[PDB]
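Residue numbers (the UniProt record's numbering), protein chains in the order written: chain A, 4 to 158; chain B, 4 to 228, 267 to 316; chain C, 98 to 145. Worksheet: one structure, shown below.
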Amino acid sequence: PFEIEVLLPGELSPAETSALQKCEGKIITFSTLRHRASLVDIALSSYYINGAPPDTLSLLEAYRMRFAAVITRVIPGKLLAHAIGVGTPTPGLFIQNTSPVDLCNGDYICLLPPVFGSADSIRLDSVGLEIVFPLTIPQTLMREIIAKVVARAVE
Amino acid sequence: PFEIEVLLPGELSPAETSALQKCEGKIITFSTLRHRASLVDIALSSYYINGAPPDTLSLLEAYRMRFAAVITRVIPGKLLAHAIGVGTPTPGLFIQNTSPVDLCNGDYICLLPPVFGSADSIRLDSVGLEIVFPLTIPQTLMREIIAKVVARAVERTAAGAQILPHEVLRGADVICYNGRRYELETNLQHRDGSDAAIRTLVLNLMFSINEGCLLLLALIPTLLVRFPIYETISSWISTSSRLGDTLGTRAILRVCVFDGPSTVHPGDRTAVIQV
Amino acid sequence: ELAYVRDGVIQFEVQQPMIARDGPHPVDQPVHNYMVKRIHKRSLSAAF
């Protein structure tokens, strides 16, 4: 069982700590896998391509390049998280549904940036960064959406 | 370790319960996972869709959405199984070869519905259900099997569609593995499954390819020296992605043989490792 | 009996400490060291 540790910055507000604790079974991503890491890579600022917040199609490529991880129980100091990409035994893994669409048994999960209304996300004013969580839909929803965005792209 | 029990029915005739013991290293498939289950989920009755018996597309699709499990032993009034799912550390896992092609060490296991010949399976007339077992072959042969059977079916329609048949050919299609020629479908007649289960298969596959290398010829006219034009693109992409997802290749097991014979023949059992 | 030596040997072993800090970085581990040294031979002469 391979787990990665996410360093929580100190001096955090209790309101932000409470909001962070609500994010229990969400998916995050990492540029480089390691046991100890910081919070700047989880922030949207690390997604910046040239100098600005990224685009959708840019996020589509960042999702492939970057490693993926799932959040588990958070203590007041640390944020533990487990990796999914590399082959590792992991018992009892639960994720939180983030899409507006319902899921049922025997459904494959994909990963895509929020293309619906403004994505909800934790905001950290004292730290100055904002982390955004990816959206998870079934496979058939993924193919139909992708076909439409590229059609609009060539348009 | 997780294990599934399939409740054997009562009043089973001796010839029926006997032939169930003959299939011990055979794999079954469960819609939902549970410690206790009935027989209808294992039978084909739970497998058909829209009332009609299932087709190969529904067969290939359901093999992905539905979960798999392997039978281990049989009791005169009890039947258990082991799952290939989450994390079950199944010890001494062995399976039986259901395909005419031999297997060797270091070969990966993947599943297919029976396409070559008639599906051999147990039939319980006393209860009224039958249990069909999926066919298993190595991965390096699967893509060639599907490509040949569809090519065999499209060449039949072509001979029937064309006023004159272009019969001139090379002989008979033969697949080879471990120095053994299988020689499927000798005769032209006996259209057992020509259009019986792969009917809708060749339909979707020929139309996407038709739409495929036509859309390019109709977008850039420089390759060879009222109209939406975008909804056709979004439809082709959605279809080609779904069709490719269905006709996928995913290994499920690996043949790991220790102090045993390397090559196994159809009918022999062998120990496999969970991939 | 220094006539029969032909490159004898000497060696010694050391180990250095470490300190825990626990920051956003990898972790420390104790490390040891092994070395082996050889010998040199030289003569001396005088006449009479």
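Ideal placement from N, C-alpha and C gives every residue a C-beta, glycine not left out.
- In this structure the segment 68-88 of chain B lies against the segment 21-35 of chain B, because at least three pairs of beta carbons, one per stretch, are closer than 8 Å.
- The contact set of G90 (chain B) on chain A, defined by CB atoms closer than 9 Å, consists of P92, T93 and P94 in chain order.
- Classified as exposed, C216 (chain B) has fewer than 16 neighbouring CB atoms from the shown chains inside 10 Å of its CB.
- Secondary structure note for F210 (chain B): it is in no beta strand (DSSP E), and the uninterrupted alpha helix (DSSP H) holding it is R202 to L218.
- Under the rule that a run must span 4 or more residues, the alpha helix (DSSP H) segments found entirely inside the segment 22-74 of chain A read 59-68.
- Contact residues of the segment 94-121 of chain A toward chain B are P94, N108 and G109 (C-beta to C-beta distance below 7 Å).
- Its Cα nearest to that of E158 (chain B), the residue B:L191 stands out among B:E186, B:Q142, B:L191 and B:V177.
- Distance from the CA of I148 (chain A) to the CA of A71 (chain A), rounded to the nearest whole angstrom, comes to 22 Å.
- Contact between the segment 84-96 of chain B and the segment 159-174 of chain B is absent: fewer than 3 CB-CB pairs across the two stretches fall below 8 Å.
- Proximity of chain A to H122 (chain C) at the Cβ level (cut-off 7 Å) is accounted for by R39, in chain order.
- In chain order, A86 and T91 place their CB closer than 6 Å to the CB of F5 (chain A), counting only its own chain and leaving out the 5 sequence neighbours on each side.
- Taking 8 Å as the upper bound for CB-CB distance, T280 (chain B) and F97 (chain B) are not in contact here, some 41 Å apart.
- Shown here, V313 (chain B) sits in a strand according to DSSP, grouped into three states.
- Assigned with DSSP and collapsed to three states, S124 (chain A) falls in strand.
- Between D105 (chain B) and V298 (chain B), the CB-CB gap reaches or exceeds 8 Å.
- For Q24 (chain A), no CB of chain B lies under 8 Å from its own CB, so it is not counted at the interface with that chain.
- With respect to the 8 Å criterion, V313 (chain B) and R291 (chain B) are not classified as neighbours on the basis of their beta carbons.
- Three or more Cβ pairs drawn from the segment 129-145 of chain B and the segment 43-56 of chain B lie within less than 8 Å of each other, which places the two stretches in contact.
- For the C-beta of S282 (chain B), the chain A residues within less than 8 Å are, from N- to C-terminus, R146, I149 and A150.
- No Cβ-Cβ contact shorter than 8 Å links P117 (chain B) with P307 (chain B).
- Nearest neighbour of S211 (chain B) by Cα position, chosen from B:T93, B:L11, B:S276 and B:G174, turns out to be B:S276.
- For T287 (chain B), the uninterrupted alpha helix (DSSP H) segment begins and ends at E272 to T287.
- With respect to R67 (chain B), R146 (chain A) sits apart: the two C-beta atoms are not nearer than 8 Å.
- Straight across, the Cα-Cα distance linking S16 (chain A) with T139 (chain A) is about 29 Å.
- For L144 (chain A), the CB contacts under 7 Å within the same chain, skipping 5 residues up- and downstream, are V104 in chain order.
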